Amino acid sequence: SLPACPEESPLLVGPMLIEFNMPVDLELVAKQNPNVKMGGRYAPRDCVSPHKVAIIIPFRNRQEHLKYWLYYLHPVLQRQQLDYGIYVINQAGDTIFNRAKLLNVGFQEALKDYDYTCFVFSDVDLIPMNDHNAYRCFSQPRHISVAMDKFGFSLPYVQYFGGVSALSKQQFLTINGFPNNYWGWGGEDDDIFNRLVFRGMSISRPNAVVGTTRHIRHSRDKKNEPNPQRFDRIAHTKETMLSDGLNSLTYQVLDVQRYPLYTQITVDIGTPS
């Protein structure tokens, strides 16, 4: 009986003030967001959203950043009238980090909860400054964090696709998901850009003002050192994407926690093979 939500949300306020100098209390955030259900799930009560979005955050030892992320994003996602869920994919252990593999885990596991048809992949330390920057999918892969303060409010290079992006379920499946072998920092986002291009797609982006994004300044994490093989790997994406991705993925979930503001999947994704 509920009608469809309007194509563009009438609730948006646009430019917002973002700051990271204050403490955040998630119990309070939960109180400020009474309509967000257990596990960090929300859908509008007055209309049906065509956007069924699973937001996937690759993660390890970034609780402080995550608190700010939840504090700022939950209000924004609800104003965008999305039927969404938050998933923090926590890498078990203390061996070399694997951002893209965790993102694949997020895609596969979120699908076990609900019929999501859109996936937003977001680093934990990126906060949008304008709610007109849609956290949902488009006819083409969508690059969301286009004008980050750390890059001088512009793209670092025109083919940059890192930070925050959204791929529909079909777009993601079409590229066999993300690569599983980019251990350590760098290149996996360039590999993903290549995958999309090699499958006939092009990147969709909001304008630079609407796409303004803040990065929470932080120091280098241990166990995610720049991958020396990254330059060689992105040069062979066309060939490697055929057999490295969703169709070559295995992992072992160790724990699933449903917190009020998000679902945390702690997973063992192993080490290089």
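We number the residues from 1 along the sequence you see. The term rigid core refers to the maximal set of C-alpha atoms that superpose within 1.5 Å between the two forms.
In summary, of the stretches 228-236 and 205-213, 228-236 shows the greater Cα distance from the shown form in 6 other deposited structures of this protein, with structures fitted on the rigid core. Averaged as a root mean square over residues and superposed structures in 6 other deposited structures of this protein, CA distances to the shown form are larger in 177-185; the pair compared was 177-185 and 139-147 with a core fit. In all of the other compared structures of this protein with flanking residues present, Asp46 is modelled, so it falls below the one-third mark for missing coordinates. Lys222, present in the displayed chain, goes without coordinates in a third or more of the other PDB entries compared that cover both sides of it. Averaged over their C-alpha atoms, the temperature factors of 203-211 and 228-236 are higher for 228-236. Per-stretch averaging of Cα B factors for 54-62 and 212-220 places 212-220 on top. When all modelled residues of the chain are sorted by CA temperature factor, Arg136 is found within the lowest third. In this PDB entry, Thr174 carries a Cα temperature factor that places it within the lowest third of its chain's modelled residues.
Per the PDB record, residue ranking by Cα B-factor puts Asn21 in the highest third of the chain. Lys112 sits in the highest third of its chain by CA B factor, as recorded in the PDB entry. Per-chain ranking of the deposited C-alpha B factor places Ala92 in the highest third.
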